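Student: turn this into a model:
(4 chains, ligands or ions: 3)
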Amino acid sequence: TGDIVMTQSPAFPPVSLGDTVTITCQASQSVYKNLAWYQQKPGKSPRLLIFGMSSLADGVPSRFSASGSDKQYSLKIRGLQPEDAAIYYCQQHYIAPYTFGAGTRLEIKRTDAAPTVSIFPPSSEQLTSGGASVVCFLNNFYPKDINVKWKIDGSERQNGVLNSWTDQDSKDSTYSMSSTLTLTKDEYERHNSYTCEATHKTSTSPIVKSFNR
Amino acid sequence: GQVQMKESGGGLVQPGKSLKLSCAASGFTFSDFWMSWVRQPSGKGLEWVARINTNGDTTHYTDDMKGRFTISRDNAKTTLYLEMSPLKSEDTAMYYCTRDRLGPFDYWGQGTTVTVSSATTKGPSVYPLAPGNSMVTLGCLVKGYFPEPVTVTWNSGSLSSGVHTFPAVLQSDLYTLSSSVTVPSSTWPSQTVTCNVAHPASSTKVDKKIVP
Amino acid sequence: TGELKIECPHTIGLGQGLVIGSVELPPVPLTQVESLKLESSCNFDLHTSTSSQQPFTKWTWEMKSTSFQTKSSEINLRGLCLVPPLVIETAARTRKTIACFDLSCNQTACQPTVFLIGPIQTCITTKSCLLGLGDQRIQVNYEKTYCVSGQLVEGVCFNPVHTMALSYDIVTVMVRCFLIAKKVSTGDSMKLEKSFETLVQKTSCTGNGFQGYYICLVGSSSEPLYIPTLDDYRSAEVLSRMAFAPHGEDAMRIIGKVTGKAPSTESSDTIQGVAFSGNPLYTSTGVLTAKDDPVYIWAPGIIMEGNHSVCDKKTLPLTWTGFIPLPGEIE
Amino acid sequence: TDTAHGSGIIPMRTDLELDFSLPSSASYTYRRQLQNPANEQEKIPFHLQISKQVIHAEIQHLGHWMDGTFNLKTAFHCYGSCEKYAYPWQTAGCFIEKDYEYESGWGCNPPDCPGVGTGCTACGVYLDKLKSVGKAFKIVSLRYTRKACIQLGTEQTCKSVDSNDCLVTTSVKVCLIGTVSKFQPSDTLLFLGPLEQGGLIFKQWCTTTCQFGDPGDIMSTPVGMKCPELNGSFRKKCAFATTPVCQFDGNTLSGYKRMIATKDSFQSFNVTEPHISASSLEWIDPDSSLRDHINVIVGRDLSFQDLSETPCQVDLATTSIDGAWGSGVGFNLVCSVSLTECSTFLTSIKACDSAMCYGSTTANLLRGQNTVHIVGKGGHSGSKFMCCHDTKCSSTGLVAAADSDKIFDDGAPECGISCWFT
Ligand SMILES: *[C@@H]1O[C@H](CO)[C@@H](O[C@@H]2O[C@H](CO)[C@@H](O[C@@H]3O[C@H](CO)[C@@H](O)[C@H](O[C@H]4O[C@H](CO)[C@@H](O)[C@H](O)[C@@H]4O)[C@@H]3O)[C@H](O)[C@H]2NC(C)=O)[C@H](O)[C@H]1NC(C)=O
Ligand SMILES: *[C@@H]1O[C@H](CO)[C@@H](O[C@@H]2O[C@H](CO)[C@@H](O)[C@H](O)[C@H]2NC(C)=O)[C@H](O)[C@H]1NC(C)=O
Ligand SMILES: *[C@@H]1O[C@H](CO)[C@@H](O)[C@H](O)[C@H]1NC(C)=O
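Tutor: Numbering: from 1, shown residues only, chains lettered A, B, ... in the order given. Ligands and ions are numbered 1, 2, ... in the order given. Below, you will see the structure:
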């Protein structure tokens, strides 16, 4: 294909809150002024930020600005806030086809927070299905690098576990994680104690939360 | 006054069947703008699909879908349509109807999910999570549903603060996710906290009261 | 000698238009204000209404040691712009000329603003003539317009839209309005302050009973415009500009809040405002909105309360000068 | 009675490629006769008609530009605070207030109020006489289109060629590739009066930080009023035993006043045949300040046999004349062109004499009689002007006694010096 390529550099290091940031968008061909910037919050729909390479879209705060030279453009943000921590795209519309970019995600740098751990036993409604699932929540921590581990009567268990992570919060810039150990009733009735451990850089000592049957 | 656009008509289709998507727009003169469809895969970049002019005599498509997609509009009802030929597994994405300004797109809708797979719809299961102080937390587990998405709210949605909906995980044709809420210890179990789960495909609507 | 300029159109046209001009004169001491009489040497038919005696409550402030002493009394003024109903509206037909003044005053001095309104035929009969007010002479100059179809507005020749239906260029023009007292027996059709309250209020005011209306002339010449005319876009525009600039549109030093009794025979306060010193800026005349029967006020050195969002102790000004945008064609 | 006023004959040994740079307000007329390299007497007509440039600009309605007058007032109070009382400037359309709360000393105090640190001095800058002076639009995207018609032998094809489209046939291809434009996105077009009067172009139209005096300071947006701040600072001028007055050493003239003062320093533009909607603004630029790059190519596999059966016959006759043969007066010729054996045929008629051709007129003839007007300038005293097709002309002509934004290119060999001053 002989289309224009919009090189958008991902993997931007975290920046502190309230400072000034600048994202770049390189082009394989000069489009001269036909560039638009977009913002896609995690889970929500995209949002037009800047059109015409220098014109702010309606409903965009005054702390946004854009400029650029030939085939080398930038998007500057002054006075960072916890809300505008999302993925940004650049689109050229000079010649067909009107192509998009790769995407650059920001990350607000806050103070280290301890995770709020919690464990939940399987419910009586789930026991009717024949299987059991122990849930362990880890909400409102920073940074995102965290590790989880399950213990069954003191023995390590690292199979049949399904866990997921959330993106950075738009209100307090914290992360969260939910782990679920799935087993059957035949195996759940064999053991008594179940433990959910977590290791984070906020404390070298791992936090422990368990429950008996 | 305000601009509002909503998509509809998506869901799950077999690999080789047709599907027509609709999009209702309001708050602006629908018969003065160019309309366009833009889809985005799960965790990938945006991809322009089609574009239509004011009346409907000029329609632009992509070189991939040669005659497979057909964009149309109805100015009398201010609606946008996108008829699709027998689809393939590479069309599974979320489609947005946008207001094309001959180039940039200045307004995007909510977006509907289109899944092209040979699997069958499955009904979810909602399980409450009882504690087992200072700031108590509760959970709501939605296990074994297909396909995406689901809607999880707390007390008709008036608990947006302190809520945490977690991304689902796919386990061999069966999704499952969980939601976490945090309320003060003086409210629970002093007040009835209710978890609301909705699944469009299976027509599931479950409201569970969390009790110890 | 002051200068009162009248811009004359090329034709009379549809018959019912009036010319208007006005000039603000230099300050005169307060003691001289009660003696002021308009004299005319002009070849036109003066309406006699405005030169009769007209009862006003005079409301004044003095420093004391909140820090103010106010007082009031009933006096008779003459020559002020208290125009009876129908006089302006039918002046094109009666061939009557209205000449009157309003007063813009601080504690010690007043600047009269002289208004001259009359039939467009005066432009045929008259190039210049003289008015006198106390010791000041006023040169009225009738001057033929640079334009072919409209009026010179902001250095541009402009003709406004004429059709009664809905359909252009936009030009900002002067509007001058005179408060007319006019009662009806039954209902609320003449409750002028209620019209202001609907436009700018949250909640219900109990007692704003003044009955009357404004009669306005647009630019240097127009047919009279009645305020409020409910379905007229110009009436709506004038009312909105009145609501946001209740003392008109165009150093004065603000001292503080004052209250007083109008009429002076009231046992409690019926009016409020803001005392000031320095150069008079706004007119110092109005009517209480609270009384059906007009209570006219002259308040030198006080900006009487005209904020329509307030319920009590407020007023409407006797004259009002501002600007509204008109749709039309520049040529 | 025919005369050698034919078009440029081009042998089709190789492909015929052409590049064009059409001005903005210009219509081109390129016509030749493609010759079969295997037969000198086999020629087919080739006509290329390109219209003017249609500029389509998706715009953003900025609203109305307002003009006001600067005013400053001062309010003094002896006791209390500045945030306790109201002021007449707070209820205006646009107002900026700076107050010296609790800053009552004694050198700035009046004869009254023998107090210190208890008064209030408020200063209000407001704008009155707000009237609209023009309408402003902001360019979001641009699009240029031209309507092109081709006529090859007996086939006729027309299309509106865009930047992402080309008129492609079995033998001819017309593409629109580039466009040099005076306008570009993020520009602000301001129309003081109506549309046809033209407007001005502003690049630094203030959007976020507007000040009194900048282009776009006071705007009448459909949502409401958008008032700017001031370019200056406040100060308290006071004397002994006098009320403290308030001064403002800043900009007093409004944005419209400064724009009128230095109007010559801005870019101007004209429009013709305007069409504005809630989303677009279409017009034709008459200033000829835009150039479109068009590429035309005709293959040499024309199949002269298929384009030769039943060609388009054209007969004509001069029927009227009006004007003079002087260089500057001009004359108008009327021709009765009769087209046969073809439903529609695109060609052009010329008003020629024994030597030259002083005018032309392109018309899409229908099957039957067609009245064609031709304007011309020039000629001599004994010039008998006639209507002429490629080669055949009318039987008789007429004689007289005592630019248009069209471009004609038929490749005809013009007369040399023998036709100059005769
Ligand atoms: C009500 O408003 C009126 C009118 O605005 C106002 O009265 C005027 O005040 C000014 C200044 O306060 C007076 O000006 C004087 O004019 C004479 C004429 O020859 C001058 O000679 C005077 O000059 C001396 O005073 C100045 C003081 O600063 C000096 O700078 C100067 O060099 C001279 O020494 C003087 O300026 C004017 O005469 C009166 N006008 C009338 C009509 O009386 C009045 O103050 C306002 N009232 C209140 C209570 O605020
Ligand atoms: C006109 O009168 C109203 C009512 O007295 C004033 O409105 C108040 O203004 C203050 C400060 O702006 C607000 O804190 C209040 O909430 C307002 N009250 C209401 C009921 O609206 C208004 O400011 C006055 N306008 C002036 C003095 O220009
Ligand atoms: C617009 O037209 C006028 C007509 O006289 C001309 O003088 C002016 O130069 C034109 N504008 C431009 C930008 O050429």
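
Student: hey, let's count contacts and neighbours off CA atoms from now on
Tutor: Will do.

Student: how about the helices in chain D?
Tutor: Assigned by DSSP state H, the helices in chain D fall at D:255-261.

Student: centroid residue for it?
Tutor: In chain D, the residue lying closest to the centroid (Cα atoms, centre = their mean) is residue D:285, at 1.8 Å.

Student: so who does it touch?
Tutor: D:24, D:25, D:53, D:54, D:55, D:270, D:271, D:272 (Cα atoms under 8 Å, 6 or more residues apart in numbering or on different chains).

Student: give the contact list for residue C:61.
Tutor: C:68, C:69, C:70, C:71, C:107, C:258, C:275, C:301, C:302.

Student: now chain A against ligand 3: closest residue?
Tutor: Nearest to ligand 3 in chain A, going by Cα to the nearest ligand atom, is residue A:33, at a distance of 22.4 Å.

Student: circling back: could you export the contacts of residue C:61 as CSV, including neighbour count and distance to residue D:356?
Tutor: Below are those laid out as CSV (neighbours: other Cα atoms under 10 Å in any protein chain shown; distance: Cα to Cα, whole Å):
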residue, neighbour count, distance to residue D:356
C:68, 16, 99
C:69, 14, 101
C:70, 15, 99
C:71, 15, 100
C:107, 20, 91
C:258, 21, 94
C:275, 28, 90
C:301, 29, 89
C:302, 30, 89
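
Student: secondary structure and distance to ligand 2 added to those, as JSON lines?
Tutor: Putting these into JSON lines (DSSP: H, G, I helix; E, B strand; the rest coil; distance: Cα to the nearest ligand atom, whole Å) gives the following:
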{"residue": "C:68", "secondary structure": "strand", "distance to ligand 2": "20"}
{"residue": "C:69", "secondary structure": "strand", "distance to ligand 2": "22"}
{"residue": "C:70", "secondary structure": "strand", "distance to ligand 2": "21"}
{"residue": "C:71", "secondary structure": "strand", "distance to ligand 2": "23"}
{"residue": "C:107", "secondary structure": "coil", "distance to ligand 2": "22"}
{"residue": "C:258", "secondary structure": "strand", "distance to ligand 2": "14"}
{"residue": "C:275", "secondary structure": "strand", "distance to ligand 2": "14"}
{"residue": "C:301", "secondary structure": "coil", "distance to ligand 2": "18"}
{"residue": "C:302", "secondary structure": "strand", "distance to ligand 2": "15"}
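
Student: the residue in the stretch 201-331 of chain C positioned nearest to chain A: which element?
Tutor: Across the stretch 201-331 of chain C, no residue is closer to chain A than residue C:325, which sits at 26.9 Å (Cα to the nearest Cα). Applying DSSP states H and E as the criterion places residue C:325 in strand C:319-329.

Student: cool, and residue C:196?
Tutor: For residue C:196, the element it lies in under DSSP H and E is helix C:192-200.

Student: which other residues reach that helix?
Tutor: Residues outside helix C:192-200 that contact it (Cα under 8 Å, 6+ apart): C:205, C:208-213, C:228, C:239-240, C:243, C:289, C:308-309.

Student: do that again at 10 Å, thanks
Tutor: Residues from elsewhere that reach helix C:192-200, judged by Cα atoms under 10 Å, 6 or more residues apart in numbering or on different chains: C:181, C:188-189, C:201, C:203-205, C:207-214, C:227-228, C:230, C:236, C:239-240, C:242-244, C:288-290, C:307-311, C:314-316.

Student: could you flag which of these are buried?
Tutor: Among the contacts of helix C:192-200, the ones that count as buried by 16 or more other Cα atoms under 10 Å in any protein chain shown are C:181, C:208-214, C:227-228, C:236, C:239-240, C:242-244, C:288-290, C:307-309, C:311, C:314-316.

Student: tell me how far residue A:52 lies from residue C:121.
Tutor: Per Cα to Cα, to the nearest Å, residue A:52 is found 58 Å from residue C:121.

Student: which one's more surrounded, these two?
Tutor: Legend: neighbour count by other Cα atoms under 10 Å in any protein chain shown for residue A:52 and residue C:121, higher for residue A:52 (26 against 18).

Student: contacting residues around that one?
Tutor: By Cα under 10 Å, 6+ apart, residue A:52 lies in contact with A:32-37, A:66-67, A:92-93, B:104, D:138-141, D:184-187.

Student: next one: residue C:173
Tutor: Counting by Cα under 10 Å, 6+ apart, residue C:173 makes contact with C:151-154, C:158, C:218-220, C:322-326, D:129-131.

Student: of the residues you listed, which are in range of chain B?
Tutor: Checked against chain B using Cα under 10 Å from any Cα of the partner chain, the contacts of residue C:173 give no members in range.

Student: which of these lies closest to residue B:141?
Tutor: Closest approach to residue B:141 among the contacts of residue C:173 (Cα to Cα): residue D:130, at 61.3 Å.

Student: how many neighbouring residues does that closest one have?
Tutor: 24.

Student: do you know how far it is from ligand 2?
Tutor: 18 Å (Cα to the nearest ligand atom, to the nearest Å).

Student: chain neighbours aside, what residue packs nearest to that residue?
Tutor: Spatial nearest neighbour of residue D:130, excluding adjacent residues (Cα to Cα, 6 or more residues apart in numbering or on different chains): residue D:68 at 4.6 Å.

Student: list the contacts of that neighbour.
Tutor: Counting by Cα under 10 Å, 6+ apart, residue D:68 touches C:250, D:94, D:126-132, D:212, D:218, D:253-257.

Student: which of the residues you listed has the largest number of neighbours?
Tutor: residue D:218 (28 neighbours).

Student: so what's it up against?
Tutor: Residues near residue D:218 by Cα under 10 Å, 6+ apart: D:64-68, D:94, D:127, D:130, D:132, D:210-212, D:225-229, D:254-256.

Student: so how many other residues sit close to residue D:168?
Tutor: Neighbours of residue D:168 (other Cα under 10 Å): 15.

Student: how about residue C:92?
Tutor: The tally of other residues near residue C:92 (other Cα under 10 Å) stands at 21.

Student: isn't it up against residue C:16?
Tutor: Yes. Between residue C:92 and residue C:16 a contact is recorded at 5.2 Å, counting by Cα atoms under 10 Å.

Student: between the two, which contacts overlap?
Tutor: Common neighbours of residue C:92 and residue C:16 (Cα under 10 Å, 6+ apart) are C:119, C:120, C:223, C:224.

Student: quick revisit: which of the contacts of helix C:192-200 fall within helices?
Tutor: Counting by DSSP H, the contacts of helix C:192-200 contribute C:236, C:239, C:240, C:242, C:243, C:244 to helices.

Student: excluding chain neighbours, what is closest to residue D:107?
Tutor: Counting by Cα to Cα, 6+ apart, the nearest residue to residue D:107 once its immediate chain neighbours are dropped is residue D:240, at 5.9 Å.

Student: I'd say that neighbour and residue D:105 touch.
Tutor: No. Look at residue D:240 against residue D:105 with Cα under 10 Å: they stay out of range, at 11.6 Å.

Student: the residue of chain A found nearest chain B: what's it in contact with?
Tutor: Residue nearest to chain B within chain A: residue A:93 (5.0 Å; Cα to the nearest Cα). Residues counted as contacts of residue A:93 (Cα under 10 Å, 6+ apart) are A:31-36, A:52, A:99-100, B:102-104, D:141-142.

Student: got it, and residue D:90?
Tutor: When contacts are counted by Cα under 10 Å, 6+ apart, residue D:90 touches C:244, C:245, D:96, D:97, D:124, D:125, D:126.

Student: what's near enough to touch the first one?
Tutor: It stands for residue C:244. C:200, C:307, C:308, D:88, D:89, D:90, D:91, D:92, D:93.

Student: how much space separates the fifth one from ligand 1?
Tutor: When you say that, I think you mean residue D:89. Residue D:89 is 20 Å from ligand 1, where distance means Cα to the nearest ligand atom.

Student: distance of that residue from residue D:95?
Tutor: Note on residue D:89: its distance to residue D:95, by Cα to Cα, is 6 Å.
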